[PDB]
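From first to last, the protein sequence lines are chains V and L.
Start counting the first sequence at 1; every next residue gets the next number (my numbering).
Start counting the second sequence at 101; every next residue gets the next number (my numbering).
For every residue, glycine included, the Cβ atom is placed at its ideal position computed from N, Cα and C.
Below is one structure, written out as structure tokens; comments come after it.
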Amino acid sequence: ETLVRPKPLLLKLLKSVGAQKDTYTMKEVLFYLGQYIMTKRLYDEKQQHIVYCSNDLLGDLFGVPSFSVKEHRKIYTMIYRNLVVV
Amino acid sequence: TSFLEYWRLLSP
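So this is what it looks like as structure tokens:
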């Protein structure tokens, strides 16, 4: 119900995996973002919670060259800091 | 992918 307009960098990540809209739901932002890491195979193949994005656009949005998906606050900081809520 | 299960713990 609550819609978001993602900022230029976060939008290029969602759009680079096949998403064509500009206003998203939180479910869609999390789907397309998780699909971006899977398509780009950014996850550590053995412990798939670790995400390497040092030479990736995701790293600019994140701040660090790597993160663990278990760090929810850190992931939600990048998500809401790079979107406009309506 | 075991990645996807980890990532689903983000939402709702």
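Check: Cβ of V:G34 less than 9 Å from any chain L Cβ?; Outcome: yes
Check: Closest Cβ-Cβ distance between V:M78 and chain L: below 9 Å?; Outcome: no
Check: Under 9 Å between C-beta atoms, does V:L30 make it to chain L?; Outcome: yes
Check: When the distance is taken between beta carbons, is V:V84 closer than 9 Å to V:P6?; Outcome: yes
Check: Pull up the distance between the alpha-carbon of V:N55 and that of V:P65, whole angstroms please.; Outcome: 8 Å
Check: Residues in its own chain within less than 6 Å of V:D44 by CB, not counting five upstream and five downstream?; Outcome: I50
Check: Buried or exposed, going by whether 16 or more other CB atoms sit within 10 Å of the CB of V:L42?; Outcome: buried
Check: Alpha carbon to alpha carbon, how far is V:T39 from V:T23?; Outcome: 22 Å
Check: Using 10 angstroms around the beta-carbon of V:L14, count the other beta-carbons present and answer buried if the total reaches 16, otherwise exposed.; Outcome: buried
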